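*Asks:* task: produce atomic coordinates for the following.
(chains A, B, C and D)
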Amino acid sequence: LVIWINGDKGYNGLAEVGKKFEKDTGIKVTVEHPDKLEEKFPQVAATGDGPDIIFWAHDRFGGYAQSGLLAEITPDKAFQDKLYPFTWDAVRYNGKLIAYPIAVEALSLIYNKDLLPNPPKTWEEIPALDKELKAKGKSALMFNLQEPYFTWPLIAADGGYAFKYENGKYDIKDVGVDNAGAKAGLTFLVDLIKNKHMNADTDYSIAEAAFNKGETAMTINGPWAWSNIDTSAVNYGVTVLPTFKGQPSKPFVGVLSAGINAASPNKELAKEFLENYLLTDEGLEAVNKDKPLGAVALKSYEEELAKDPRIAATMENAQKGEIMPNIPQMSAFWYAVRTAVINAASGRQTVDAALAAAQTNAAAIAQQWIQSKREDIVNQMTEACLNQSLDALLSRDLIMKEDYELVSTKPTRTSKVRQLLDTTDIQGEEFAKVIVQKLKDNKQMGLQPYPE
Amino acid sequence: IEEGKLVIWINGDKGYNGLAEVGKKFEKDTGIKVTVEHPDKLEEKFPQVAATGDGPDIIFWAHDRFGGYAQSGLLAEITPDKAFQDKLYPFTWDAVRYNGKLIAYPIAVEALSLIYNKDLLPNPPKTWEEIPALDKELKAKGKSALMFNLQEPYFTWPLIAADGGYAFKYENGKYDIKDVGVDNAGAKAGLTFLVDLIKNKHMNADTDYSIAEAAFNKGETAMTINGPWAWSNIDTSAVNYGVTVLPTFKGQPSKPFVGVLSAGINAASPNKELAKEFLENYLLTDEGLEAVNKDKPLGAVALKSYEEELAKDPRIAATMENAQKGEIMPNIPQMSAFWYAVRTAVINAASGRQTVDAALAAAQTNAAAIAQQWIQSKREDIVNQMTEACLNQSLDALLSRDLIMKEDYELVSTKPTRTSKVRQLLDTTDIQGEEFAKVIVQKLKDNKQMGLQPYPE
Amino acid sequence: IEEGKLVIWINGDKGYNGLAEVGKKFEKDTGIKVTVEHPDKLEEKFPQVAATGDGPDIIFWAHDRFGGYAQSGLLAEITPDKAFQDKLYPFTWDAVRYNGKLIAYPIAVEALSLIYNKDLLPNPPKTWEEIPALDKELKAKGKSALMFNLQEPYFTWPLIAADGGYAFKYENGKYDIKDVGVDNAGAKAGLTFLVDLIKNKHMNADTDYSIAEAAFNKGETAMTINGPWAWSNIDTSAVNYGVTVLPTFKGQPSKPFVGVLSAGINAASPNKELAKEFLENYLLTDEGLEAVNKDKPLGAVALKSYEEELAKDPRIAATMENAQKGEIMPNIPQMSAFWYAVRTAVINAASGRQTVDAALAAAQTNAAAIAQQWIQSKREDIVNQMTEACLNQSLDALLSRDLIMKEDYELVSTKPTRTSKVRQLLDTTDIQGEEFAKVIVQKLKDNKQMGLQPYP
Amino acid sequence: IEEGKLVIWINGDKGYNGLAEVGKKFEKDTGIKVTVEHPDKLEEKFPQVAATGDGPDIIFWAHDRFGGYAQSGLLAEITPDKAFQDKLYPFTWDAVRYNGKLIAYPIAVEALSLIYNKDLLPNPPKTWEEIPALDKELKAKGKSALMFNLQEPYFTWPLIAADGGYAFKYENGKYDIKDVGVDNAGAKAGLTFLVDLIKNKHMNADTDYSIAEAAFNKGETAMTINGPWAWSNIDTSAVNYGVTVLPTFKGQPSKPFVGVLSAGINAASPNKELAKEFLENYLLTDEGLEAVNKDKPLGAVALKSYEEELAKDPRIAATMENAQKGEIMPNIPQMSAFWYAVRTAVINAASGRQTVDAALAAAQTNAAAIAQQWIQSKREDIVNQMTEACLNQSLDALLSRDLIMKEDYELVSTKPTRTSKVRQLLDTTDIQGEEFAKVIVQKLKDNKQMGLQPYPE
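*Replies:* Numbering: from 1, shown residues only, chains lettered A, B, ... in the order given. Take a look at the structure below.
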């Protein structure tokens, strides 16, 4: 068995669960923690190779499931009762369970009790608080601005959202990163950076190091981070995220899930490891001891963790927040918002411009419209429309030099358009808008209803 | 405590060496030796030591603490004859009357005044709102406008009460213990302005009494807020000064709490009749009061004959003008809780750990003291009726919220029995505040201790 | 680090807001903006950050840490002209001279003094031995005799050195790095007396700087031990106080270590010439020093012209009298090891985890730092010449004595090669202390690695 | 002062009402009215008022202060005929002889004695070393062993001198003013033992004369140390008491200083011949002395005829036995400096501000008084020769060491000229002690005032 799990989680703890599995049933386990395992998995598993079993938040899994990468798990309904019922809903894609829920996790405000005994319950008082701490040679807040997971709580607060819930399923066309609530949140984050309260290029390692050394009074982070703080022994508390414009911060709530690779031979060996070794009270605490899982999906072990007020704070944040969608659109949404946060923070773009760009990118209206009528476009695109698209795309630097030549050196106009539509999926949504414009310019009225 | 001798406890800021000379007159005349001591936190030391038995024969403090001592049975119920009651002012007797019983002898009325340096500032400000502006000008000449004790809430209260804050509402005859007004907009407005002065570098958050007096008496600041007692040290330094009315806030005047320095006799003393001779025939006389007043001013005295002289001095005229605009302290037992509730809110907001809205909201619940008094009302019932599970549930939950110290937790649990553990828990509820008490009353309601009578809400 | 601007690092207890005003004069005049920061553990943060590259342009600390920075190549070798060298005192230049090279600008000489409350105690004690008696009397009146910072060894050292303790012996010209005197009877006697005061409830084991100053400035204790910098806050509270000579122990006087607050320039800064203008022409002048001194006293300054004024003040006269009776700190790189070796011994003995004889015996070996430096002297030879058996024998024996953490052991053994494992072992020897190193040097001697040169 | 009438000054503890009756006999006979006053600090009031002119006609005090008044020209040089000199004892004349000149009339020899309660303690201790033990036993029965005036050094000196302390060494004929023995091991040993009694709760540091007499006369303590004058009040209370020899220390006996109560005439009085009639023919007679002695005992009188009767009383026999073992006070002007130097050292060591070694080392330099007398020897030269720089340097340095009060500094500097400023500085050097003088003599030597003659060392 080869297990892939994120580096910030308790991998050495999960390695000890593997050595128990090795000692008992004989099968050796290897727990690896490669970088960008969320992006490495869909590459390697699509061909065939990779890990037997993958550990990540439930949002990426429905995208893997639509791609046929994950094995459709079948735990018996006596086992389904041992885990919480809403954690199963997190890993249910089109009436099919695709991974085992391990633990619910959400972001919390983590504050230094010695530097700040009464922490702020509003974002609006943090600028003021920082000015006071600057006098004593410290800062108020410091957290990871690179990843959009951490900054999203602020963005969603006043009224931003990834995809609207249409009371039963998510509307893939109604994206809310553009709306005034979303602008207001990000504007405030940019303003903190502009007024020297925060620093635009602060990553996870900068943030944790600062708070754990006692150089800043507050950080925003999940359960996993608590392990390192205990070591440094900065007298700390975990509490509810500060409010913005009266309304509470809404962090996206992840369910750390374990899905089995569809291209693995060891499908039955993984189910023994998950159901009978990991998802047990002994197994989960071996992981939790190394680096906290959060509030676990296993009912029996959550009973103990609920007593700890840190988990009580984590669940209070998760209640006020909302659960991530598992749908395949989320991967596009995430790296669309990633850019908008980083550009606005560094000051290359404005907030209005950055989120307007991420609005179209997260939606993917053209890129999905092309995908919906894929074969029709291959058959119905004229050789003029192809060249018009190829010219206009090259004039806006949207095609690389290798990608342009790889398209045009195909034998036929049928195969060229195919190779063009292969690169539309790879090269983003602004790429697709050009082609859909040229298809509408040349009046390819055989393609069905157009976007707008 | 010792029979034969008198042991007097009085605050250090007052004229204790002057009162010591009244003792040497008593020693020379009637033979009984007198010892005047001035221990720190004598307001908090007295209810500890006198409850067991020992302590002073006679206690000198403002009248607000006395009704709390009286409800605790610590003070002797004094019986001066009605020929003597006419020698002191009638409203000063009302200050020391607890449930139709006189509990101490009124010595002097005292209230805070604006004390300004005439050389640095000949026309002092009549509004708080112009002090920020005035400070900026004095910063140019290497000085500051105002500087006073921010630690004690007595001094900062004038500003808080001005716009409409209050300790406990008067129900035209007695105080409503449930209607507390430290939370209201008037109270917020006052404290906000005090915080703003500190935030804009006009004042300094951690300024105590010794910092303030030293600064004004050396001529480093143009104004201070203080009572009569402070005038003695200012005369020595000879900073040409005047005492006047406190500045207005939002048009309305500052309302300082008015204290009546009272002398109560300890109920556990053998020398009850020896103290009454010392008070009525030696201290409360024109010779006796001026011996104290010479050392460090008493204020406007309760004795009619000696007030006649002190009324001529314009400093006392200023003190009484402030006291008129202000209002008299309640003597009720709730005040001790109110005071250290407001003490925290002022200090936290000043230092900038909490906001004003948060700090006063915390002090609102603490001053009201609903749980802490509910525990006190059914004290012995809770000792008998609390389960050993409820005890441990409370002890666990209190330790998880850092409400118990490490010494206090171990001192409770190392008691021999549950009856004694719960007793020791309820002993620390009175000491450790009101958020402490809310945990226990929650656990008593969780375990359904129906023996206990109606619950708070 | 940023070219254009100056970033100054100085300790929080000193007058940093005063030095900030010297920066605003520099900004107003020559245009270059100055930022005065005061981070915690700046003595330990500087060698980390400056070794890589970044950090402050200019560093303010006592001269003892500087020779360790200088041996590490962190400090820029300053070249003030000999017309400027005459403006400061000649012995203050000797304080900042490392191997015939001037490494920082001397700002001010500083030493500890007995600071007493005249109202509570008009005639202060001239012997340590009468303080237990004096405390019993003040306990009756609801106060204490003495109260000072027991955490830092700077403050408790005066007592330790008195009867005959010493950091490193002077061999009439240079310090003998192998002759350490924290173990000697004189040193034991001093620390024993400090422990006895704590054991008899006269002092409290976990009293830090903020506890001490607050107590004396509020008028809760009659005496404290502190430097010039503390006088500023006492004036504010206006506790009628005097500064005087430290009390004697066993007849001999207390010997405080004497610091020279020095300003060294970072070798990895682009603004080397901009700092020299700030130091020589703006800070080390009569206007500049008094702007700092007004905020929080520097002490007895190195600048001859401004010392002329400060010498008149009897507090400085008391400070210099203590400094005469004491002795000047070494600047050598061994001092950093000495200090945190004595820090532990003082705190353990005070809290009562160890005895004085045990605590100082531990600090004796640690301060000497014989194995850890011997490993460093033959570092690459040990990487090449250590057997894989000797590695595992060391790793086993170190783990059995709880000297390696669980993370550090696994990080060593998961290296690819035996060459890289030993490297990672010797990387952790520098971090993890001297008792760690004694195990490895024992195993290298057990396996007879007679290619390594003379042993200890 | 007034011509016609006599105004007598005598200490309050002595029999002043008895001496007033001798005045009414003088009034009835010769017509001149007499007024006997008893003002506080009359030892220190006399040299002030008599130096200008006014004061009493005749002064009653122990002979030690008189040679200081005589050197100051305050006392009239008396000339009793040698037929009258035989009526008083010859060694009492030596007590009042300053540089071969008789300066006052000797009235009575007085010395301290151990005065014990026979009912509480029938066999009194003959050693100081057993008093700690004796006190522990009496503490069980609710009483104390010893209690006496610790404020004045007269009473504690017996213990100090015992082992080998002394004021000024006798150089077989005159006293060596430079050889002072308050510092020596014998002196340290004595004071150490006195401090130890106070430290071990046997005695109380702040016990004055009124505390001591009241305690012994009420029967609250078993022993006191006091002179003859105190016996009058003890008889009234009728505590069955005995007077005996002072307890030994380290084997050697306690050496009390022996005073000769003397009556000197003011040099600035017009009634010099009227006082000599009052002294020789009315006071120093058998009728006159017993009128005083009846009110409050004089002691062992200087008048031979009346001592014959008083010698029969065993209390006087005990008093003389103490006086034999002790030694007679010097009359020299240095004694006034010695006394208030030792006064401080006793009080500081007793209260525990200083150690005994530190306190007596301070009093050693102060009693010797090298600078203060050097200033006095070249007083007018220093007024003329001190620069205005040296004045200000002294005034600055003296103020930095808290040696000048705030009133004294301003009173010097507000003089019109430098000649008058230095005069006012040297006026306060005599009042304010010897460490004050060392500063000025340092500054005079710093500025190189070579006009002034040889310097001290």
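*Asks:* quick one: the strands in the stretch 301-450 of chain A, in order.
*Replies:* Along the stretch 301-450 of chain A, counting by DSSP state E, counting those that start in this stretch, strands occupy A:322-323.
*Asks:* and the residue of it closest to chain D?
*Replies:* Residue nearest to chain D within the stretch 301-450 of chain A (Cβ to the nearest Cβ): residue A:309, separated by 53.1 Å. From N, CA and C alone the C-beta is placed, and that goes for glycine too.
*Asks:* OK, contacts around that residue?
*Replies:* Counting by Cβ atoms under 8 Å, 6 or more residues apart in numbering or on different chains, residue A:309 touches A:238, B:400, B:401.
*Asks:* so who does the residue in the stretch 251-400 of chain A that chain C sits nearest to touch?
*Replies:* The nearest approach of the stretch 251-400 of chain A to chain C comes at residue A:290, 10.3 Å away (Cβ to the nearest Cβ). Neighbouring residues of residue A:290 by Cβ under 8 Å, 6+ apart: A:10, A:11, A:12, A:13, A:14, A:16, A:227.
*Asks:* among those, which lie within helices?
*Replies:* Counting by DSSP state H, the part of the contacts of residue A:290 found in helices is A:11, A:12, A:13, A:14, A:16, A:227.
*Asks:* could you work out the most separated pair of these?
*Replies:* Spanning the widest gap among the ones in helices among the contacts of residue A:290 are A:16 and A:227, at 14.8 Å by Cβ to Cβ.
*Asks:* list the residues that contact residue A:212.
*Replies:* Going by Cβ under 8 Å, 6+ apart, residue A:212 touches A:228, A:229, A:231, A:232, A:234.
*Asks:* just the buried residues of the residues you listed.
*Replies:* A:228, A:229, A:234 (16 or more other Cβ atoms under 10 Å in any protein chain shown).
*Asks:* the second one reaches residue A:236, doesn't it?
*Replies:* Which is residue A:229. Yes - contact status for residue A:229 versus residue A:236: in contact at 5.6 Å, counting by Cβ atoms under 8 Å.
*Asks:* surely residue A:399 touches residue A:427?
*Replies:* Yes - the pair residue A:399 / residue A:427 is scored as a contact, 7.3 Å apart, by Cβ under 8 Å.
*Asks:* in contact with residue A:116, which residues?
*Replies:* By Cβ under 8 Å, 6+ apart, the contact list for residue A:116 reads A:129, A:140, A:217, A:218, B:353.
*Asks:* switch the cut-off to 6 Å
*Replies:* Contacts for residue A:116 (Cβ atoms under 6 Å, 6 or more residues apart in numbering or on different chains) come out as residue A:217.
*Asks:* in which helix or strand does it reside?
*Replies:* Using DSSP states H and E, residue A:116 is not contained in any helix or strand.
*Asks:* for it, phi and psi?
*Replies:* Backbone torsions of residue A:116, given as degrees, to the nearest 10, read phi -160, psi 90.
*Asks:* again, but for the one 3 residues further on
*Replies:* Reported as degrees, to the nearest 10, the phi and psi values for residue A:119 are phi -80, psi 160.
*Asks:* neighbour-wise, which one of the ones in helices among the contacts of residue A:290 leads?
*Replies:* residue A:14 (25 neighbours; other Cβ atoms under 10 Å in any protein chain shown).
*Asks:* need the longest strand for chain A.
*Replies:* In chain A, with assignment by DSSP state E, the single longest strand is strand A:252-260.
*Asks:* which stretches of the stretch 1-150 of chain A form helices?
*Replies:* Taking DSSP state H, counting those that start in this stretch to define them, one finds helices in the stretch 1-150 of chain A at A:11-25, A:37-47, A:61-66, A:77-80, A:85-90, A:126-135, A:148-158.
*Asks:* what about the residue in the stretch 151-300 of chain A that chain B sits nearest to, is that helix, strand or coil?
*Replies:* Relative to chain B, the nearest point of the stretch 151-300 of chain A is residue A:237 (8.7 Å; Cβ to the nearest Cβ). With DSSP: H, G, I helix; E, B strand; the rest coil as the basis, residue A:237 sits in strand.
*Asks:* beta partners of it?
*Replies:* Listed by DSSP bridges, the beta-bridge partners for residue A:237 are residue A:111.
*Asks:* could you report the neighbour count for it?
*Replies:* Counted with other Cβ under 10 Å, the neighbours of residue A:237 add up to 18.
*Asks:* ok, now how distant is it from chain C?
*Replies:* The gap separating residue A:237 from chain C is 21 Å, by Cβ to the nearest Cβ, to the nearest Å.
*Asks:* just the CA atoms of the biggest helix by length in chain A, as PDB, please.
*Replies:* Looking across chain A with DSSP H, the single longest helix is helix A:330-346. Listed next in PDB are the C-alpha coordinates belonging to helix A:330-346 (Å, rounded to 0.1, in the frame of the first residue of the first chain):
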ATOM      1  CA  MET A 330     -14.400  23.800  -7.600                       C
ATOM      2  CA  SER A 331     -10.800  23.200  -8.900                       C
ATOM      3  CA  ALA A 332     -11.400  25.900 -11.400                       C
ATOM      4  CA  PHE A 333     -13.000  28.200  -8.800                       C
ATOM      5  CA  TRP A 334     -10.100  27.800  -6.400                       C
ATOM      6  CA  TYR A 335      -7.200  28.700  -8.700                       C
ATOM      7  CA  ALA A 336      -9.300  31.500 -10.100                       C
ATOM      8  CA  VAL A 337      -9.700  33.100  -6.600                       C
ATOM      9  CA  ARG A 338      -6.000  32.300  -5.800                       C
ATOM     10  CA  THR A 339      -4.900  34.700  -8.500                       C
ATOM     11  CA  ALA A 340      -7.400  37.400  -7.700                       C
ATOM     12  CA  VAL A 341      -6.300  37.400  -4.000                       C
ATOM     13  CA  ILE A 342      -2.600  37.500  -4.800                       C
ATOM     14  CA  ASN A 343      -2.800  40.200  -7.600                       C
ATOM     15  CA  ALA A 344      -5.000  42.500  -5.400                       C
ATOM     16  CA  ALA A 345      -2.700  41.900  -2.400                       C
ATOM     17  CA  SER A 346       0.500  42.700  -4.300                       C
END
